Amino acid sequence: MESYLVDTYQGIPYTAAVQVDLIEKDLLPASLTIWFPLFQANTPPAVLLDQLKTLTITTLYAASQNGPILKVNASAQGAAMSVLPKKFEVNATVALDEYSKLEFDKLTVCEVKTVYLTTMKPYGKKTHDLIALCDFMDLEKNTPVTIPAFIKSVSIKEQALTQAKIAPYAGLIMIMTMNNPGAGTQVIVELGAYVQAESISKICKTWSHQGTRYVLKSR
Amino acid sequence: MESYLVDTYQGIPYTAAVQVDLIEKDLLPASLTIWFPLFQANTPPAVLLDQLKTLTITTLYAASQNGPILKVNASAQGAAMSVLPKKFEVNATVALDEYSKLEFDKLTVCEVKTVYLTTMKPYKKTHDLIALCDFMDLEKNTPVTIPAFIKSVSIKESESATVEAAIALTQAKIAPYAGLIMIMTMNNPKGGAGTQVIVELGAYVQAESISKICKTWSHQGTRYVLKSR
Ligand SMILES: [Ca+2]
Ligand SMILES: [Ca+2]
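Protein chains in written order, with the working numbering: chain A, 7 to 225; chain B, 112 to 340.
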């Protein structure tokens with residue numbers, strides 16, 4: 007019921023990274039940002055997003071061996087929504103004030119306040135590390151920021167222009183696509199979910215990629 | 112140089128869970144909360160903390176296959192500090208405003224604002240035994256229930272039950288370790304042995320509030336439930 011698109015890949019089949027800002031339909035509503043397992047899409051992104059705007063999510067707070075989780079169940083209207091992951095578990099790691107607002111074992115329908123789509127390239131002798139230093143400018147604050155991305159590990163015997171974008175996926179992720187040395191290839195750096203759902207939209211629109219420096223570090 | 116102790120375990124050898132609130136010593140200082148790999152201690156906790164108050168940490172921002180990390184190197188004064196993990200890597204996951212403050216590949220000494228110590232115990236499926244730990248936020252007067260998975264049990268002639276009985280007391284405490292963790296100890300288990308369950312609450316929190324949460328989140332009680340799978 008409110009969207010934002012980050013288009014890193016424009017292609018016939020592409021990986022879809024979906025993240026949603028939710029709010030519980032109950033008397034102690036918790037606000038949550040969760041993301042879907044990745045899936046493949048063959049329809050235009052602007053068109054997938056519209057269909058995703060009909061998303062209906064149901065969560066249920068549960069315990070698991072690897073900490074507490076949320077058993078998610080989702081639905082949407084549209085042909086392209088047949089491939090949408092319907093039932094998946096997520097780590098119920100929330101802002102500490104939200105823990106009180108998380109009723110255990112109560113199947114609650116959540117209400118989508120924003121739906122984010124990120125397009126990606128479908129997935130399908132040893133020293134020095136090739137690392138890419140992605141340079142950005144926070145236009146809200148006019149303060150630079152450099153996020154390092156590990157690329158390859160090369161061996162040493164005794165790129166010019168690439169694109170980087172801040173996208174909302176595992177909270178926020180930086181995705182960098184290299185054009186040639188190979189070919190179109192993406193590196194994802196996870197920045198973590200520790201952030202206000204409101205600021206997620208803010209960061210993406212204010213963090214402008216300035217340039218990329220490739221460095222080499224002996225191991 | 113400030114300290115706080117959470118004594119879940121009191122024993123001859125015990126697991127030490129150390130977490131520190133740091134601030135870089137540079138011209139764009141980043142504030143950081145990192146925790147040490149767990150280690151064993153044989154000296155009193157109040158005594159280990161004193162020695163830990165002499166902690167000197169050096170971080171260096173680096174890239175890794177599993178996102179960006181911080182190459183940590185640490186030292187402290189005192190005999191018990193021989194066992195302290197000296198060189199360890201940590202995930203460099205910070206509050207977003209902090210990313211600008213983190214300088215790539217610049218070896219910076221960090222300054223310890225607070226040292227936290229937490230003591231611990233050294234270490235065909237139908238239903239799940241889950242413990243609902245009940246707490247009260249005294250600052251806000253609002254309850255909070257954190258569910259801990261204990262074990263999977265098998266019931267012959269089984270249904271899909273709820274609340275359970277032994278086979279009544281246990282203690283639970285909110286402690287600063289992987290940011291904040293709830294640690295629950297089963298006194299007279301099935302009523303094996305004294306056994307602890309750690310629930311990770313995540314590092315998503317202001318270093319200041321970490322001290323606040325621990326002092327205000329009081330354990331009210333524990334309900335044992337059963338959930339069919
Ligand atoms: Ca609720
Ligand atoms: Ca700095």
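A virtual CB, placed ideally from N, CA and C, is assigned to each residue, including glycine.
Within a 10 Å sphere around the beta-carbon of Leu113 of chain A sit fewer than 16 other beta-carbons, which makes this residue exposed. Between the C-alpha atoms of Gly122 of chain B and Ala190 of chain B there is a straight-line separation of about 19 Å.
A residue is called buried once 16 or more other Cβ atoms fall within 10 Å of its Cβ, and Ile181 of chain A is buried on that count. One alpha carbon belongs to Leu102 of chain A, the other to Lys223 of chain A, and they sit about 38 Å apart.
Sequence-distant Cβ neighbours of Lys212 of chain B in its own chain, meaning closer than 6 Å and more than five residues away, are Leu139 and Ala141.
By the Cβ rule, the stretch 8 to 25 of chain A counts as touching the stretch 120 to 132 of chain A, because three or more pairs are nearer than 8 Å. The alpha-carbon of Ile266 of chain B is positioned some 15 Å away from that of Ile241 of chain B. The stretch 249 to 257 of chain B makes no contact with the stretch 150 to 162 of chain B, as fewer than three CB pairs between them are under 8 Å.
Residue-level contact check: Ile257 of chain B touches chain A, since one or more beta carbons of chain A fall below 8 Å from its beta carbon. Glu268 of chain B sits away from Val336 of chain B, with the two beta carbons spaced by 8 Å or more. If you look at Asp56 of chain A, you'll find it isn't in any beta strand (DSSP E); it sits in the alpha helix (DSSP H) that goes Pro51 to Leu58. Residues of the same chain with a CB within less than 7 Å of the CB of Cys140 of chain A, apart from the 5 flanking positions on each side, are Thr152, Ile153, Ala155, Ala170, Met180, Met182, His215 and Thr218 in chain order. DSSP places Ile29 of chain A in the uninterrupted beta strand (DSSP E) bounded by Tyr20 to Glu30. Remark: the C-beta of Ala141 of chain B is in contact range of ligand 2, defined as less than 7 Å to any heavy atom. When secondary structure is reduced to three states using DSSP, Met192 of chain B falls in the helix class.
With 16 or more other Cβ atoms inside 10 Å of its own Cβ, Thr99 of chain A counts as buried.
Short note on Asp248 of chain B: C-beta not closer than 7 Å to any heavy atom of ligand 1. As the crow flies, the alpha-carbon of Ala199 of chain A is around 15 Å from that of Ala23 of chain A. Judged by the Cβ position, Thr64 of chain A fails to qualify as a neighbour of ligand 1 at the 7 Å threshold, every heavy atom of the ligand being at least this far. For the pair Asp216 of chain B and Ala173 of chain B, the CB atoms are nearer than the 8 Å cut-off.
Boundaries of the alpha helix (DSSP H) around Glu209 of chain B: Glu209 to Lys212.
With a cut-off of 7 Å, the C-beta of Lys119 of chain A is classified as distant from ligand 1, since no heavy atom of the ligand falls inside that distance. Annotation: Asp132 of chain B to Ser88 of chain A spans about 47 Å, alpha carbon to alpha carbon.
Closer than 7 Å to some heavy atom of ligand 2: that describes the Cβ of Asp137 of chain B. From the beta-carbon of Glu311 of chain B, the residues of chain A found nearer than 7 Å are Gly73. Annotation: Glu214 of chain B to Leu181 of chain B spans about 11 Å, alpha carbon to alpha carbon. Think of a sphere of 8 Å around the beta carbon of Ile324 of chain B: the chain A residues whose beta carbon falls inside it are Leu102, in chain order. Within the stretch 296 to 326 of chain B, complete beta strand (DSSP E) segments of at least 3 residues are found at 306 to 311, given in chain order. At a cut-off of 7 Å, the beta-carbon of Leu108 of chain A counts as near ligand 1: some heavy atom of the ligand is closer than that. In summary, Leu312 of chain B is buried, with 16 or more beta-carbon neighbours lying within 10 Å of its beta-carbon over all protein chains present. Here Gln46 of chain A carries a strand assignment [DSSP, helix/strand/coil].
Near chain A, meaning a CB-to-CB distance below 7 Å, the residues of the stretch 235 to 247 of chain B are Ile241 and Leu243.
Excluding its 5 nearest sequence neighbours in each direction, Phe150 of chain B has C-beta neighbours in its own chain below 7 Å: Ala127, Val194, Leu195 and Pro196, listed in chain order. About 10 Å separates the beta carbon of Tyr15 of chain A from that of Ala47 of chain A, a gap too long to meet the 8 Å contact definition.
Residue contact check for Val316 of chain B against chain A: a CB pair falls below 8 Å. The nearest non-hydrogen atom of ligand 2 is less than 7 Å from the C-beta of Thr219 of chain B.
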